file final19.pdb (PDB, C-alpha atoms and all ligand atoms)
ATOM      1  CA  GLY A  13     -19.624 167.207 -40.724
ATOM      2  CA  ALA A  14     -22.207 168.888 -38.546
ATOM      3  CA  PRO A  15     -23.504 168.915 -34.957
ATOM      4  CA  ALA A  16     -26.357 166.500 -34.110
ATOM      5  CA  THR A  17     -29.745 168.067 -34.944
ATOM      6  CA  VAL A  18     -31.847 167.310 -31.812
ATOM      7  CA  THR A  19     -29.517 166.777 -28.748
ATOM      8  CA  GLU A  20     -26.029 167.995 -27.841
ATOM      9  CA  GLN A  21     -23.691 164.984 -27.980
ATOM     10  CA  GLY A  22     -20.319 165.974 -26.474
ATOM     11  CA  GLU A  23     -18.695 166.095 -23.042
ATOM     12  CA  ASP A  24     -18.593 169.409 -21.242
ATOM     13  CA  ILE A  25     -14.935 170.333 -20.897
ATOM     14  CA  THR A  26     -15.461 173.837 -19.453
ATOM     15  CA  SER A  27     -14.047 174.812 -15.979
ATOM     16  CA  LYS A  28     -17.397 176.619 -15.242
ATOM     17  CA  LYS A  29     -19.388 173.433 -16.265
ATOM     18  CA  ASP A  30     -21.633 175.763 -18.323
ATOM     19  CA  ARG A  31     -21.967 173.383 -21.329
ATOM     20  CA  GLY A  32     -20.239 176.071 -23.462
ATOM     21  CA  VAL A  33     -17.643 173.761 -25.104
ATOM     22  CA  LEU A  34     -18.726 170.193 -25.843
ATOM     23  CA  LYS A  35     -16.169 167.710 -27.131
ATOM     24  CA  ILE A  36     -16.441 164.503 -29.198
ATOM     25  CA  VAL A  37     -13.285 162.542 -30.005
ATOM     26  CA  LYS A  38     -13.222 161.696 -33.733
ATOM     27  CA  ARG A  39      -9.761 160.044 -33.692
ATOM     28  CA  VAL A  40      -7.990 158.884 -30.582
ATOM     29  CA  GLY A  41      -4.456 160.303 -30.476
ATOM     30  CA  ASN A  42      -1.269 158.309 -30.244
ATOM     31  CA  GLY A  43       0.591 160.652 -27.857
ATOM     32  CA  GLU A  44       0.440 160.234 -23.986
ATOM     33  CA  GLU A  45       0.899 164.003 -23.307
ATOM     34  CA  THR A  46      -1.546 166.952 -23.335
ATOM     35  CA  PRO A  47      -0.100 170.446 -24.008
ATOM     36  CA  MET A  48       0.375 172.836 -21.085
ATOM     37  CA  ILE A  49      -0.460 176.530 -20.895
ATOM     38  CA  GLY A  50       2.135 178.519 -22.828
ATOM     39  CA  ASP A  51       2.998 175.654 -25.177
ATOM     40  CA  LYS A  52       3.325 176.386 -28.871
ATOM     41  CA  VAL A  53       0.710 174.123 -30.509
ATOM     42  CA  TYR A  54       0.437 173.178 -34.207
ATOM     43  CA  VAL A  55      -3.005 172.108 -35.535
ATOM     44  CA  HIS A  56      -5.079 171.552 -38.606
ATOM     45  CA  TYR A  57      -8.711 172.545 -38.399
ATOM     46  CA  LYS A  58     -12.030 172.855 -40.156
ATOM     47  CA  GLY A  59     -14.552 175.333 -38.749
ATOM     48  CA  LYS A  60     -18.075 176.376 -39.631
ATOM     49  CA  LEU A  61     -21.095 178.125 -38.224
ATOM     50  CA  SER A  62     -23.328 175.352 -36.786
ATOM     51  CA  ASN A  63     -25.831 176.029 -39.593
ATOM     52  CA  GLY A  64     -23.143 175.701 -42.361
ATOM     53  CA  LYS A  65     -23.275 179.333 -43.750
ATOM     54  CA  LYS A  66     -19.433 179.935 -43.539
ATOM     55  CA  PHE A  67     -16.534 177.482 -43.619
ATOM     56  CA  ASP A  68     -12.768 177.857 -43.136
ATOM     57  CA  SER A  69      -9.889 175.341 -42.956
ATOM     58  CA  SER A  70      -6.153 175.332 -42.565
ATOM     59  CA  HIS A  71      -6.201 172.729 -45.356
ATOM     60  CA  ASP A  72      -7.448 175.468 -47.768
ATOM     61  CA  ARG A  73      -3.943 177.029 -47.374
ATOM     62  CA  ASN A  74      -2.165 173.680 -46.642
ATOM     63  CA  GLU A  75      -0.851 175.824 -43.710
ATOM     64  CA  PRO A  76      -0.942 174.426 -40.128
ATOM     65  CA  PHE A  77      -2.352 176.892 -37.599
ATOM     66  CA  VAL A  78       0.180 177.747 -34.858
ATOM     67  CA  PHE A  79      -0.669 179.471 -31.561
ATOM     68  CA  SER A  80       0.387 179.805 -27.911
ATOM     69  CA  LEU A  81      -1.971 177.835 -25.697
ATOM     70  CA  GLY A  82      -3.911 179.862 -23.159
ATOM     71  CA  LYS A  83      -2.744 183.293 -24.469
ATOM     72  CA  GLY A  84      -6.179 184.381 -25.828
ATOM     73  CA  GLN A  85      -4.734 184.441 -29.365
ATOM     74  CA  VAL A  86      -7.765 182.343 -30.359
ATOM     75  CA  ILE A  87     -11.365 182.077 -29.171
ATOM     76  CA  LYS A  88     -11.757 180.759 -25.624
ATOM     77  CA  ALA A  89     -13.118 177.416 -26.827
ATOM     78  CA  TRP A  90      -9.827 176.640 -28.619
ATOM     79  CA  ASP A  91      -7.661 177.441 -25.559
ATOM     80  CA  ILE A  92      -9.971 175.186 -23.479
ATOM     81  CA  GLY A  93     -10.336 172.435 -26.079
ATOM     82  CA  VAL A  94      -6.811 172.081 -27.417
ATOM     83  CA  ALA A  95      -5.594 171.902 -23.735
ATOM     84  CA  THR A  96      -7.442 168.537 -23.490
ATOM     85  CA  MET A  97      -6.029 166.916 -26.655
ATOM     86  CA  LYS A  98      -3.234 164.422 -27.361
ATOM     87  CA  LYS A  99      -0.828 164.407 -30.312
ATOM     88  CA  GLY A 100      -2.636 162.878 -33.302
ATOM     89  CA  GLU A 101      -6.067 163.408 -31.682
ATOM     90  CA  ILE A 102      -8.939 164.720 -33.826
ATOM     91  CA  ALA A 103     -11.726 166.348 -31.858
ATOM     92  CA  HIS A 104     -15.076 167.894 -32.798
ATOM     93  CA  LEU A 105     -16.050 170.877 -30.653
ATOM     94  CA  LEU A 106     -19.517 172.427 -30.425
ATOM     95  CA  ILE A 107     -18.970 175.955 -29.143
ATOM     96  CA  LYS A 108     -21.548 178.265 -27.649
ATOM     97  CA  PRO A 109     -21.274 182.017 -28.169
ATOM     98  CA  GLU A 110     -19.655 182.770 -24.786
ATOM     99  CA  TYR A 111     -16.610 180.724 -25.928
ATOM    100  CA  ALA A 112     -16.503 182.266 -29.410
ATOM    101  CA  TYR A 113     -17.812 185.649 -30.684
ATOM    102  CA  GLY A 114     -20.521 186.219 -28.036
ATOM    103  CA  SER A 115     -23.504 188.503 -28.447
ATOM    104  CA  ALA A 116     -21.345 191.114 -30.260
ATOM    105  CA  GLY A 117     -20.496 188.732 -33.077
ATOM    106  CA  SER A 118     -17.884 189.589 -35.640
ATOM    107  CA  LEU A 119     -19.749 190.691 -38.761
ATOM    108  CA  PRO A 120     -19.474 190.193 -41.594
ATOM    109  CA  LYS A 121     -18.051 186.700 -40.902
ATOM    110  CA  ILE A 122     -19.835 185.733 -37.659
ATOM    111  CA  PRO A 123     -23.306 186.849 -36.537
ATOM    112  CA  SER A 124     -24.293 187.604 -32.952
ATOM    113  CA  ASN A 125     -24.860 184.560 -30.732
ATOM    114  CA  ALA A 126     -23.567 182.015 -33.265
ATOM    115  CA  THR A 127     -22.721 178.463 -32.203
ATOM    116  CA  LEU A 128     -19.601 177.223 -34.002
ATOM    117  CA  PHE A 129     -18.501 173.732 -34.881
ATOM    118  CA  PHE A 130     -14.819 172.804 -35.365
ATOM    119  CA  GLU A 131     -12.749 169.768 -36.200
ATOM    120  CA  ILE A 132      -9.227 170.162 -34.782
ATOM    121  CA  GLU A 133      -6.250 167.815 -35.370
ATOM    122  CA  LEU A 134      -3.433 168.325 -32.869
ATOM    123  CA  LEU A 135      -0.221 167.793 -34.882
ATOM    124  CA  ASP A 136       2.467 168.542 -32.264
ATOM    125  CA  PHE A 137       3.467 170.974 -29.526
ATOM    126  CA  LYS A 138       6.436 172.168 -27.476
ATOM    127  CA  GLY A 139       7.101 174.370 -24.381
ATOM    128  CA  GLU A 140       7.985 178.019 -25.393
TER     129      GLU A 140
HETATM  130  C1  LIG A 201      -9.896 185.629 -27.162
HETATM  131  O1  LIG A 201     -10.948 185.620 -28.102
HETATM  132  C2  LIG A 201     -10.605 185.810 -29.420
HETATM  133  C3  LIG A 201      -9.316 185.688 -29.949
HETATM  134  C4  LIG A 201      -9.091 185.877 -31.327
HETATM  135  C5  LIG A 201     -10.154 186.254 -32.125
HETATM  136  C6  LIG A 201      -9.884 186.519 -33.659
HETATM  137  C7  LIG A 201     -10.382 185.310 -34.501
HETATM  138  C8  LIG A 201      -9.391 184.107 -34.444
HETATM  139  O2  LIG A 201     -10.119 182.943 -34.936
HETATM  140  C9  LIG A 201     -10.340 181.944 -34.076
HETATM  141  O3  LIG A 201     -10.064 182.062 -32.894
HETATM  142  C10 LIG A 201     -10.985 180.724 -34.629
HETATM  143  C11 LIG A 201     -10.156 179.509 -34.230
HETATM  144  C12 LIG A 201      -8.837 179.487 -34.984
HETATM  145  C13 LIG A 201      -9.128 179.408 -36.410
HETATM  146  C14 LIG A 201      -9.904 180.600 -36.922
HETATM  147  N1  LIG A 201     -11.158 180.758 -36.101
HETATM  148  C15 LIG A 201     -12.317 181.173 -36.639
HETATM  149  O4  LIG A 201     -13.242 181.493 -35.862
HETATM  150  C16 LIG A 201     -12.479 181.320 -38.084
HETATM  151  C17 LIG A 201     -14.001 181.221 -38.461
HETATM  152  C18 LIG A 201     -14.602 179.858 -38.126
HETATM  153  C19 LIG A 201     -16.014 179.737 -38.468
HETATM  154  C20 LIG A 201     -16.223 179.982 -39.950
HETATM  155  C21 LIG A 201     -15.719 181.340 -40.332
HETATM  156  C22 LIG A 201     -14.322 181.534 -39.976
HETATM  157  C23 LIG A 201     -11.871 182.565 -38.624
HETATM  158  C24 LIG A 201     -10.971 182.470 -39.631
HETATM  159  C25 LIG A 201     -10.337 183.609 -40.174
HETATM  160  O5  LIG A 201      -9.372 183.628 -41.135
HETATM  161  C26 LIG A 201      -8.699 182.324 -41.350
HETATM  162  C27 LIG A 201     -10.739 184.858 -39.743
HETATM  163  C28 LIG A 201     -11.725 184.979 -38.750
HETATM  164  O6  LIG A 201     -12.067 186.258 -38.345
HETATM  165  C29 LIG A 201     -13.167 186.400 -37.469
HETATM  166  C30 LIG A 201     -12.239 183.833 -38.152
HETATM  167  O7  LIG A 201     -10.163 185.975 -40.346
HETATM  168  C31 LIG A 201      -9.400 186.845 -39.481
HETATM  169  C32 LIG A 201      -8.121 187.319 -40.232
HETATM  170  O8  LIG A 201      -8.586 187.912 -41.474
HETATM  171  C33 LIG A 201      -6.986 186.374 -40.451
HETATM  172  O9  LIG A 201      -7.411 185.362 -41.377
HETATM  173  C34 LIG A 201      -6.390 185.708 -39.208
HETATM  174  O10 LIG A 201      -7.279 184.779 -38.691
HETATM  175  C35 LIG A 201      -7.124 184.515 -37.325
HETATM  176  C36 LIG A 201      -5.847 184.397 -36.770
HETATM  177  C37 LIG A 201      -5.721 184.236 -35.381
HETATM  178  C38 LIG A 201      -6.890 184.094 -34.641
HETATM  179  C39 LIG A 201      -8.166 184.196 -35.228
HETATM  180  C40 LIG A 201      -8.254 184.414 -36.571
HETATM  181  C41 LIG A 201     -11.415 186.402 -31.564
HETATM  182  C42 LIG A 201     -11.639 186.171 -30.247
HETATM  183  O11 LIG A 201     -12.841 186.330 -29.624
HETATM  184  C43 LIG A 201     -13.942 186.818 -30.362
END
call {"tool": "encode", "arguments": {"input": "final19.pdb", "output": "structure tokens", "more": "lines below"}}
Ligand SMILES: COc1ccc(CC[C@H]2OC(=O)[C@@H]3CCCCN3C(=O)[C@@H](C3CCCCC3)c3cc(OC)c(c(OC)c3)OC[C@H](O)[C@H](O)COc3cccc2c3)cc1OC
result
Amino acid sequence: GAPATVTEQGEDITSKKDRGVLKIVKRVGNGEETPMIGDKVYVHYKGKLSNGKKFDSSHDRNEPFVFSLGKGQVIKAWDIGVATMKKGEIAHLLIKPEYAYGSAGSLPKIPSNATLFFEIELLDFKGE
């Protein structure tokens, strides 16, 4: 999968309305509930640099990724994005640097001012 080449496709889900996290639903979820801040969320994901140079997935480990929503345990785009998802939902997120690794980057894995692209499947969640 990859972001569109010419125009940004997704909905802006940021509080600042800065176009920093754009969301496309790739599978509508079956659950009625969205997780709340502090919830323990369980996901699968696939992530890449927008240009494809680096790839990572929970499926590579067959190991769901588990984190506390809103804690800052993950990049800002994930706290924002997963907070909009339903159980069973698959979303694609296009993520601008401010909501990822910024101008500092995280070499060697992530250059400065990299846009990231993720597929996230929300498996389940609970209150802590
Ligand atoms: C509040 O802001 C931040 C919070 C946390 C972090 C640390 C990085 C954090 O990773 C992430 O947040 C996102 C989303 C959750 C899945 C992993 N992830 C990644 O960016 C991936 C990237 C995705 C693009 C392709 C290269 C690998 C990503 C996957 C990785 O491994 C699976 C990375 C990694 O390091 C930068 C980034 O290795 C880091 C470690 O060696 C180890 O594997 C643990 O990986 C984790 C665990 C928890 C969280 C993360 C990585 C930076 C933040 O801002 C810059």
call {"tool": "resolve_selection", "arguments": {"input": "final19.pdb", "expression": "the PyMOL selection byres (((not hetatm)) within 10 of (chain A and resi 201))", "output": "PyMOL selection string"}}
result
chain A and resi 55-62+64-70+72-73+77-79+82-91+109-122+126-130+132
call {"tool": "closest_residue", "arguments": {"input": "final19.pdb", "among": "A:140, A:133, A:44, A:24", "to": "residue 108 of chain A", "atoms": "only C-alpha atoms"}}
result
A:24
call {"tool": "closest_residue", "arguments": {"input": "final19.pdb", "among": "A:63, A:74, A:19, A:80", "to": "residue 48 of chain A", "atoms": "all atoms listed in the file"}}
result
A:80
call {"tool": "resolve_selection", "arguments": {"input": "final19.pdb", "expression": "the PyMOL selection byres (((chain A and resi 33) around 7) and not hetatm)", "output": "list in words"}}
result
residues 24, 25, 26, 31, 32, 34, 35, 89, 105, 106, 107 and 108 of chain A
call {"tool": "closest_residue", "arguments": {"input": "final19.pdb", "among": "A:123, A:93, A:13, A:76", "to": "residue 49 of chain A", "atoms": "all atoms listed in the file"}}
result
A:93
call {"tool": "closest_residue", "arguments": {"input": "final19.pdb", "among": "A:20, A:131, A:75, A:51", "to": "residue 38 of chain A", "atoms": "all atoms listed in the file"}}
result
A:131
call {"tool": "atom_distance", "arguments": {"input": "final19.pdb", "atom1": "atom CA of residue 37 of chain A", "atom2": "atom CA of residue 125 of chain A"}}
result
24.9 Å
call {"tool": "residues_near_point", "arguments": {"input": "final19.pdb", "point": "(-9.0, 163.4, -31.1)", "cutoff": "9 Å", "atoms": "all atoms listed in the file", "output": "CSV table (one decimal) with C-alpha atoms, in the frame of the given file"}}
result
chain,number,residue,atom,x,y,z
A,36,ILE,CA,-16.4,164.5,-29.2
A,37,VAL,CA,-13.3,162.5,-30.0
A,38,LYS,CA,-13.2,161.7,-33.7
A,39,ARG,CA,-9.8,160.0,-33.7
A,40,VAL,CA,-8.0,158.9,-30.6
A,41,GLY,CA,-4.5,160.3,-30.5
A,97,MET,CA,-6.0,166.9,-26.7
A,98,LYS,CA,-3.2,164.4,-27.4
A,99,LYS,CA,-0.8,164.4,-30.3
A,100,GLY,CA,-2.6,162.9,-33.3
A,101,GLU,CA,-6.1,163.4,-31.7
A,102,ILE,CA,-8.9,164.7,-33.8
A,103,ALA,CA,-11.7,166.3,-31.9
A,104,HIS,CA,-15.1,167.9,-32.8
A,131,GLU,CA,-12.7,169.8,-36.2
A,132,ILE,CA,-9.2,170.2,-34.8
A,133,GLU,CA,-6.2,167.8,-35.4
A,134,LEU,CA,-3.4,168.3,-32.9
